[PDB]
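Heads up, the chain below is alone and in the form deposited in one PDB entry; it's given as C-alpha cells.
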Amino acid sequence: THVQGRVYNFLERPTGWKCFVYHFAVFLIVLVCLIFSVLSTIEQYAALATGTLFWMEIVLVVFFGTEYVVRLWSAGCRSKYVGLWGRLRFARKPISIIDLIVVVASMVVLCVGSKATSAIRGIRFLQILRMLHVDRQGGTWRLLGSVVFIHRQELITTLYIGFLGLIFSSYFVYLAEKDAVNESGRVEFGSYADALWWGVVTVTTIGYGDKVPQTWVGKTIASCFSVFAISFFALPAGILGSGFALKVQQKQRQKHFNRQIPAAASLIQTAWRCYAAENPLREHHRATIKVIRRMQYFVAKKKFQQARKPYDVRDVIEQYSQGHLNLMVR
C-alpha cells in the first residue's frame, strides 16, 4: 500500500510534468464546459449547447466523483487523517466540501431536472463554482491574505481617504449640477446617488461617460479631484505587488536552509561511519564497506560546503560576526 500516498501526492501535492498536465487538462475541460455555458445564453445557440451540457455534465460529475473517492482513500498516508475520524477531518476542509457540493448538486439537478429553466439556471453557477477545484491547496489565497494582513494599515488608510474625497467632492458636484440638463434633454445629476456613481467611475479611471458635468464649477472640482484623489485607488497595486514578490523571495530563502540541514546531517552520519570503520571473505567485505564510507564522506563534505554558501548578505554577516565572536572567546 505504498501507492496510497503515491497517488495522493499525485493528486494533492502535485509536482513534475505528469500530474501537471493532468491538472491542466482537467482545467481546460472545465473551461470549455464554461464557454459552452456562455453560448448557452445566446438564443442562436441555446439549443445544441444545453443539449451537450447534459452529456458533458454527467461525464464530469462521474469523473469528479471517482477522483474524489480515490483521493479520500489515499488520504491515509497522512496520519492526521487516518481512521474514519481523520477522514471526516478531511472533508471538513473548504476545497473538499466545495467539490462535494458541486458533485452532489449536479447529481441532484440531473436526478430530478432531467424529468429546463431552473436546471440550467443552476448549472451555470456550478460550472462557474468549479474553477476552485484546480488550486488544490490554496497557496494563492494564502499569499494574498498574508500580504494584506501585513499591509492592513496602509490599505485602510488610503481607503478611508479616498472614500472621503469621493463623498465630499460628489456632494459639491451634486450641488453644482443638479439643475443642469443634458443636450439630449435629460438630467444626469438628479440625486446624490448619481453623483456618487460618477465619483466611483471617475476616481478609479474608468470614465464610461454616461455622466459628465456641464458647469464651470463642476468641471473645476472634477479636475482637482481627478488629479488629487485617483492615486489613492491605485496604490494597492504597487503595495500588493511588492508584497507578493518579497514574500516569495522570503520563502525560497527559507527553503535554502531547509535544504541546508539534510546535508549537515548526512555529513556526520557518514563521518562517524568511515571513522568508525572497526565496529559495525568477511574481511574484504569490511575493506569495501570502509572504502565506500570514506568516499561518501568525501562527497558530503563538498555538498555541505556548497549548500552552506551565502544566499544573501545577512548570511555572510552572521557567519563572520560569529567568527568575530569565536575570537571574543579567544
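Each form is matched to the other, and the largest set of C-alpha atoms that superpose within 1.5 Å is called the rigid core. In this text, residue numbers run from 1 along the sequence as written.
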| remark: Deposited residues missing from the model between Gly51 and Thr52 number none
| message | Are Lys115 and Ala116 truly consecutive in the deposited sequence, or are residues between them missing coordinates? Give the number as none, 1 to 3, 4 to 9, or 10 or more. | response | 4 to 9
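Beyond what is shown, the protein has a form deposited in another entry; the following relates to that form.
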| message | Given a cut-off of 2 Å on Cα movement between the shown form and the other one, rigid core as reference, pick the single residue from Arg259, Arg152, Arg121, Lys93 that exceeds or meets it. | response | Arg259
| query | If we fit on the core, is the Cα of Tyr320 displaced 2 Å or more between the shown form and the other one? | reply | yes
| Under a superposition restricted to the rigid core, does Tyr311 display a Cα displacement of 2 angstroms or more between the shown form and the other one? | yes
| field | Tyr297 C-alpha shift between the shown form and the other one of 2 Å or more, rigid core reference | value | yes
| field | Residue pair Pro262, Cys19 - Cα distance in the other form, closer or farther (3 Å or more) | value | farther
